[PDB]
Amino acid sequence: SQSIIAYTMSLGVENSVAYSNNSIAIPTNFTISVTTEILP
Amino acid sequence: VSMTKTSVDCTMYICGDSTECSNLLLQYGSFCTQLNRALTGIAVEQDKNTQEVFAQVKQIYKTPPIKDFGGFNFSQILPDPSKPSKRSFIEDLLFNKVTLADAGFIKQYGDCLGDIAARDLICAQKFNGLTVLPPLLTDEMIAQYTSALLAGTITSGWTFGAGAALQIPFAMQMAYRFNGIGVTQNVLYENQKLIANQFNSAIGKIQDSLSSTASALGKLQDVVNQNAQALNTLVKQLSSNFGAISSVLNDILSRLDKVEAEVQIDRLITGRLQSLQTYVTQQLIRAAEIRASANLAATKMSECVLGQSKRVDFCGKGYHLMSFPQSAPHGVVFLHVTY
Amino acid sequence: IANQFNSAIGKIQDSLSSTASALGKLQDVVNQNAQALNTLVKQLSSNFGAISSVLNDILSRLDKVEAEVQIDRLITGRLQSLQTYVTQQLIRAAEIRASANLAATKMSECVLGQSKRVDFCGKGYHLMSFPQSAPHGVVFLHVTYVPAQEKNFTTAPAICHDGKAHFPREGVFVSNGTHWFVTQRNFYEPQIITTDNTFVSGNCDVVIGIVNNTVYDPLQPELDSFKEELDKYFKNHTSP
Amino acid sequence: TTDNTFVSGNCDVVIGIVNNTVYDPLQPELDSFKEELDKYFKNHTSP
Ligand SMILES: *[C@@H]1O[C@H](CO)[C@@H](O[C@@H]2O[C@H](CO)[C@@H](O[C@H]3O[C@H](CO)[C@@H](O)[C@H](O)[C@@H]3O)[C@H](O)[C@H]2NC(C)=O)[C@H](O)[C@H]1NC(C)=O
Ligand SMILES: *[C@@H]1O[C@H](CO)[C@@H](O[C@@H]2O[C@H](CO)[C@@H](O[C@H]3O[C@H](CO)[C@@H](O)[C@H](O)[C@@H]3O)[C@H](O)[C@H]2NC(C)=O)[C@H](O)[C@H]1NC(C)=O
Ligand SMILES: *[C@@H]1O[C@H](CO)[C@@H](O[C@@H]2O[C@H](CO)[C@@H](O[C@H]3O[C@H](CO)[C@@H](O)[C@H](O)[C@@H]3O)[C@H](O)[C@H]2NC(C)=O)[C@H](O)[C@H]1NC(C)=O
Ligand SMILES: *[C@@H]1O[C@H](CO[C@@H]2O[C@@H](C)[C@@H](O)[C@@H](O)[C@@H]2O)[C@@H](O[C@@H]2O[C@H](CO)[C@@H](O)[C@H](O)[C@H]2NC(C)=O)[C@H](O)[C@H]1NC(C)=O
Ligand SMILES: *[C@@H]1O[C@H](CO)[C@@H](O[C@@H]2O[C@H](CO)[C@@H](O)[C@H](O)[C@H]2NC(C)=O)[C@H](O)[C@H]1NC(C)=O
Ligand SMILES: *[C@@H]1O[C@H](CO)[C@@H](O[C@@H]2O[C@H](CO)[C@@H](O)[C@H](O)[C@H]2NC(C)=O)[C@H](O)[C@H]1NC(C)=O
Ligand SMILES: *[C@@H]1O[C@H](CO)[C@@H](O)[C@H](O)[C@H]1NC(C)=O
Ligand SMILES: *[C@@H]1O[C@H](CO)[C@@H](O)[C@H](O)[C@H]1NC(C)=O
Ligand SMILES: *[C@@H]1O[C@H](CO)[C@@H](O)[C@H](O)[C@H]1NC(C)=O
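Residue numbers (full-length UniProt numbering), protein chains in the order written: chain A, 689 to 728; chain B, 729 to 1067; chain C, 923 to 1162; chain D, 1116 to 1162.
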């Protein structure tokens, strides 16, 4: 039941930003994230 | 950002449809696999360059249907729905400046069956084993990523670079930007209609410039022209004798027997293999310039679009407020906005 | 903040211990030099049109002057094989210089400093980075503040209080819907709108979208406490 | 003003310093309370 599929690739998940002339989003909290970057 | 992907079939270039030439070409060992491998390396690097430049958002932002950006008129750099390939008005002006020379799309052999085939070099390149290949991202997908970078910028400022997109009113985003250049935020609000008019007028001059002059996209047409010229030069080396009795492989094989022919075919193999190793050296060195330009373009995408840069003259000449990316054939255009 | 950093360094152990592909940028550089030397060795086995690839078989079977024509083809084909290998290695070495100059720039701007450059020192607002050695390379563990749990608020570019228009000195105005506050832009921490949080310029006619709210002046209760003190003391001093 | 500026040291060390007044916004806010306070004693002296 496994097979090779072929598809148009998704660029990313879709998102309409909730913009308005008088609305702001402000973070009530933060995440400290550590991310690895590797260079020759 | 990128250059045309090419792949060259070493046997079809060197020995075009002769087996008794192919049996000599085998005596040179790995060189045809080195040439294929090197060109495949360059070809994959062109998609990587385009991914590093445009795919900096993993999320596809939509602009709101209302356009209350405080008087700033992005309608000339946001998408136009009314045309099938979903690019913005300035991206259509950019797309018309750079005349491509193939993109790999479906050159289905019956085009190369006529007077059309005689007037163009694309059929001659194809028949001599030189093939252009298509980019992984279509110009639709570059326009979508560019639309998402721009819609993120006008609805959420720098915040979609660092984390989740946080909405902010556009005239308040410009206030954060004015404080960023050391100008106090009341200087925006007390002049907001003038700042919007000067921005709207400056975007107007970008259209008038791009619509009038033939030369504005010269850096991209130079890259297209160098790729096309290196393929045309490689095709024309198939007319050199290299000291053989004829340049045409089948003339040697019809006019000489198996012993004296192999002395002549070996010269054509030597000269043609030297012509491919020249072309692939030029292309590997070129690819390093196109990469260096792509890594700069990705660095301007990160520091001028996804942020505001304190780096003097990095994001256009002036104090940097913000930048808008636009797609172009094999490139990116940044519209840098400066106080 | 310490627990989150310690937990995120925990995910670095687990990810590097679990997956094979994470060091692909370094393993690919080792694979290219290994493949280029393997190719240069395999290429010795070619004839280049000589009667053998093995130089000693030519010299075992041919005399001093018929051998030269066979040996010279092997010379020509092997010399072309080195000129190819060395050209490939010079072009690659330019990609390794560019990577080493980027790594030196990231050492200077992400380890020896803190970078205002977006996405240069990892995805987020850069706090600091830690270098780690790797075979033929460097790993940077970039530490970033990422804003996490947002709330919407109503907002205004200015507050109007006394015909005068007020702007934040640092931060942004917000309302929960009933009250107005000023907050630092990248972390919700609301404060009463005061003459210490704000500055005045112009009047409320010019700012598009200004809103009316009171502005507290913390000198007033220090003068009003000092006023009711005085009024009671005058009432007392009318009594004797 | 004392809100737009900060103090450090005295007029001798800074090459090219100039004399001008520096307004203090605390001063009229207490001098208005002073002439009113003198009026309040004047009312209390009146009967
Ligand atoms: C918007 O934010 C305001 C400040 O956080 C908030 O106002 C505050 O509301 C609480 C009740 O939820 C009041 O709490 C006090 O209520 C009485 C006062 O006599 C006491 O019995 C309680 O112990 C407590 O101290 C606050 O006094 C009030 N603050 C002000 C300045 O009025 C609003 O409720 C928030 N609005 C929304 C829509 O969330
Ligand atoms: C913010 O607060 C202001 C002060 O309370 C308030 O200003 C006042 O607005 C009213 C209504 O526009 C004006 O009313 C008078 O206007 C003319 C005469 O000039 C007449 O047509 C009206 O009948 C009426 O007499 C006040 O003159 C005006 N006062 C001042 C000092 O400007 C704003 O309206 C408030 N704005 C918001 C959005 O809350
Ligand atoms: C800036 O303001 C300063 C204060 O007004 C002023 O300093 C004063 O300058 C006068 C004139 O040079 C000096 O005059 C006295 O000097 C000696 C005694 O100390 C005598 O020989 C003189 O007859 C006279 O009495 C003051 O000594 C001096 N006072 C102080 C506190 O330094 C500056 O001159 C002003 N400078 C400018 C350029 O405006
Ligand atoms: C911030 O607000 C937006 C949109 O505004 C609100 O829309 C209603 C939900 C209502 O509360 C109104 O009074 C507000 O003005 C929120 O966007 C919605 O998000 C949900 C998924 O979370 C989605 O189903 C809706 O279709 C979205 N609506 C729009 C117009 O985009 C958003 O969720 C709020 N942000 C946060 C952090 O809660
Ligand atoms: C901010 O987010 C952190 C998580 O990063 C929250 O911490 C967690 O709090 C819950 C209880 O509320 C616990 O179950 C988790 O174990 C906590 N995790 C850690 C790492 O401590 C924190 O509560 C949030 N703070 C605010 C003010 O919302
Ligand atoms: C934003 O800019 C566009 C293009 O400059 C404006 O579009 C023009 O609008 C007038 C008035 O409706 C039309 O007569 C023109 O034909 C439009 N031109 C184009 C190219 O569409 C648009 O009006 C501006 N938007 C706002 C809100 O001012
Ligand atoms: C926001 O948009 C609405 C609808 O156009 C408008 O009525 C309102 O006045 C605008 N607010 C500001 C602050 O301009
Ligand atoms: C009332 O005023 C007198 C001075 O006239 C003062 O000595 C006394 O302590 C005051 N009493 C009170 C209760 O303030
Ligand atoms: C500035 O230059 C002028 C001469 O043009 C000189 O008189 C004056 O003393 C100088 N002032 C300072 C503070 O150097």
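We treat Cβ as the ideally placed atom computed from N, Cα and C, and that holds for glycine.
Is residue i close to chain C? Criterion is C-beta to C-beta, closer than 8 angstroms.
i: residue 1150 of chain D; result: no
i: residue 988 of chain B; result: no
i: residue 918 of chain B; result: yes
Assuming residue i and residue j form a contact by the criterion Cβ under 8 angstroms, report the distance between their Cβ atoms to the nearest whole angstrom.
i: residue 832 of chain B; j: residue 860 of chain B; result: 5 angstroms
i: residue 884 of chain B; j: residue 701 of chain A; result: In fact, because the Cβ distance is near 16 angstroms, the residues do not count as touching under 8 angstroms.
i: residue 737 of chain B; j: residue 813 of chain B; result: Not a contact, Cβ separation roughly 32 angstroms.
i: residue 784 of chain B; j: residue 1034 of chain B; result: 7 angstroms
i: residue 1058 of chain C; j: residue 1043 of chain C; result: Between residue 1043 of chain C and residue 1058 of chain C the Cβ distance is about 22 angstroms, and since that is not below 8 angstroms, they are no contact.
i: residue 756 of chain B; j: residue 1001 of chain B; result: 7 angstroms
i: residue 977 of chain B; j: residue 760 of chain B; result: No, residue 977 of chain B and residue 760 of chain B are not in contact; Cβ-Cβ is about 16 angstroms, not under 8 angstroms.
Kindly examine ligand 5 and report whether one of its heavy atoms sits closer than 7 angstroms to the Cβ of residue i.
i: residue 1011 of chain C; result: no
i: residue 716 of chain A; result: yes
i: residue 926 of chain C; result: yes
i: residue 887 of chain B; result: no
i: residue 719 of chain A; result: yes
i: residue 1106 of chain C; result: no
Taking only heavy atoms of ligand 4 into account, decide whether any of them is closer than 7 angstroms to the Cβ of residue i.
i: residue 702 of chain A; result: no
i: residue 1074 of chain C; result: yes
i: residue 713 of chain A; result: yes
i: residue 706 of chain A; result: yes
Quick check on the burial criterion: 16 or more other C-beta atoms within 10 angstroms. Buried or exposed for residue i?
i: residue 824 of chain B; result: exposed
i: residue 923 of chain B; result: buried
i: residue 871 of chain B; result: buried
i: residue 1126 of chain D; result: exposed
i: residue 919 of chain C; result: With chain C represented from 923 up to 1162, any question about residue 919 of chain C goes unanswered, as that position is not in the structure.
i: residue 1030 of chain B; result: buried
i: residue 815 of chain B; result: buried
i: residue 1028 of chain C; result: buried
i: residue 716 of chain A; result: exposed
i: residue 1075 of chain C; result: buried
i: residue 1136 of chain C; result: exposed
Let me check you understand the geometry: is the CB of residue i closer than 7 angstroms to at least one non-hydrogen atom of ligand 8?
i: residue 1159 of chain D; result: no
Quick check: is any heavy atom of ligand 2 less than 7 angstroms from the C-beta of residue i?
i: residue 1082 of chain C; result: yes
Which residues share a DSSP beta bridge with residue i?
i: residue 1053 of chain C; result: C/1062
i: residue 1102 of chain C; result: C/1097
i: residue 755 of chain A; result: Given that chain A is displayed from residue 689 to residue 728, the structure contains no residue 755 of chain A and the question cannot be resolved.
i: residue 1116 of chain C; result: C/1138
i: residue 702 of chain A; result: B/788
i: residue 1088 of chain C; result: C/1081, C/1122
i: residue 807 of chain B; result: B/816
i: residue 721 of chain A; result: C/1066
Examine chain B for any beta-carbon lying closer than 8 angstroms to the beta-carbon of residue i, and answer yes or no.
i: residue 969 of chain C; result: yes
i: residue 994 of chain C; result: no
i: residue 999 of chain C; result: yes
i: residue 1046 of chain C; result: yes
i: residue 1019 of chain C; result: no
i: residue 1042 of chain C; result: yes
Is any non-hydrogen atom of ligand 1 found closer than 7 angstroms to the C-beta of residue i, if you look at the structure I gave you?
i: residue 1098 of chain C; result: yes
i: residue 1101 of chain C; result: yes
Does the beta carbon of residue i sit closer than 8 angstroms to a beta carbon anywhere in chain A?
i: residue 1114 of chain C; result: no
Does ligand 3 have a heavy atom nearer than 7 angstroms to the CB of residue i?
i: residue 1134 of chain D; result: yes
Output yes if chain D places a C-beta closer than 8 angstroms to the C-beta of residue i; else output no.
i: residue 1089 of chain C; result: no
i: residue 879 of chain C; result: Lying outside 923 to 1162, the shown extent of chain C, residue 879 of chain C is not represented and no answer is given.
State yes or no: is the C-beta of residue i nearer than 7 angstroms to some heavy atom of ligand 7?
i: residue 1130 of chain C; result: yes
i: residue 1127 of chain C; result: no
Any heavy atom of ligand 6 closer than 7 angstroms to the Cβ of residue i?
i: residue 803 of chain B; result: yes
i: residue 795 of chain B; result: yes
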